[PDB]
Amino acid sequence: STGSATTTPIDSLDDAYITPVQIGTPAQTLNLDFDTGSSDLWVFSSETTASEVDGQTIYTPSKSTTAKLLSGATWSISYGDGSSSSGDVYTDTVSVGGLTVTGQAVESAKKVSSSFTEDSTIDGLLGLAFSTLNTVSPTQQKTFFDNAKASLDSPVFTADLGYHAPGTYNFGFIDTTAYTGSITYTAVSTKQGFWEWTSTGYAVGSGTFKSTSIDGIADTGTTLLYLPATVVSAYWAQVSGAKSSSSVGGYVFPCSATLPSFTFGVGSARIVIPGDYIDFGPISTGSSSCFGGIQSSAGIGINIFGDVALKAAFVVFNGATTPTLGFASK
């Protein structure tokens, strides 16, 4: 089997992407944030504290003839941005882009933190990291991809995120029309539960390529590119007036600037992020200070190849017995 679904930016900055997901019988379609940095499929629901729902579409398990309470199971998750959610668990039928999994754990939120409430466009998350990170207790549950894998034509999914435009998540096949050149594959460590890999270096604009190993994660659920402070300083030093602002929370730059590109290495291959992809717009409405799309990871503990980086590539998440990542230009 295969599936193919369009993923759409939630706003004009590509802050996140939403993909429609069918849950239950008859189908209830919710727009979920596909997140290769976590491993829980959770949704706003009829159980979510009413004051914490503000415009999201909810899953109502009592209206699904295939929903079953997973008795005794609870979940609770905290994300790198400080947001969180928790609740109980149902199993139900879940379909993405024509690919159907029966018995998928659908984690129903009883509580969500304010950033989720405040984002009316995201009805929940669909985790695509390794199932060892799933938070369901006392019986850990599998991701949608893990449950689908054995049925797929090939044990892969691909992320093809658009810049200010829709893109595609495919399951079970690699669309050879969706990229240019060849796909370069690179090793993955699953030791932390992430799609963790090592970039071979970087370049700023037209500058020379610096060969240096940068371990980090391919994370569709993180907006920006978070890299070591040395690398990030070298980038922003090429932008007149750019500076790190403790009060804003990262590098800002004059909105009048033209940003240089940023290249990252995948083996001997190179992925070029155009300068425009690094512009996240005014820090507040009407400001002439703009927020940068490349930020330091120094306070995170891990480097994160988020959407800014991934949207410049066609990315293969290869879930074969030894997982690997593939990157192609497009």
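Following Swiss-Prot, chain A shows residues 90-419, kept in their order.
The backbone N, Cα and C atoms fix where each Cβ goes, and this holds for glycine too.
Taken verbatim from Swiss-Prot:
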- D124: active site (ACT_SITE)
- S288: active site (ACT_SITE)
- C344-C379: disulfide bond (DISULFID)
- 106-417: domain 'Peptidase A1' (DOMAIN)
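Structural mapping of features recorded in Swiss-Prot.
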{"residue": "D124", "record": "active site", "contacts (Cβ under 8 Å, 6+ apart)": "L214, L215, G216, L217, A218, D308, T309, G310"}
{"residue": "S288", "record": "active site", "contacts (Cβ under 8 Å, 6+ apart)": "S302, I303, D304, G305, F353, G354, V355, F394"}
{"residue": "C344", "record": "disulfide bond", "contacts (Cβ under 8 Å, 6+ apart)": "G370, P371, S376, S377, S378, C379"}
Per DSSP (helix/strand/coil reduction), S288 (active site) sits in strand
Across every protein chain in view, the count of C-beta atoms other than its own within 10 A of the C-beta of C379 (disulfide bond) is 22
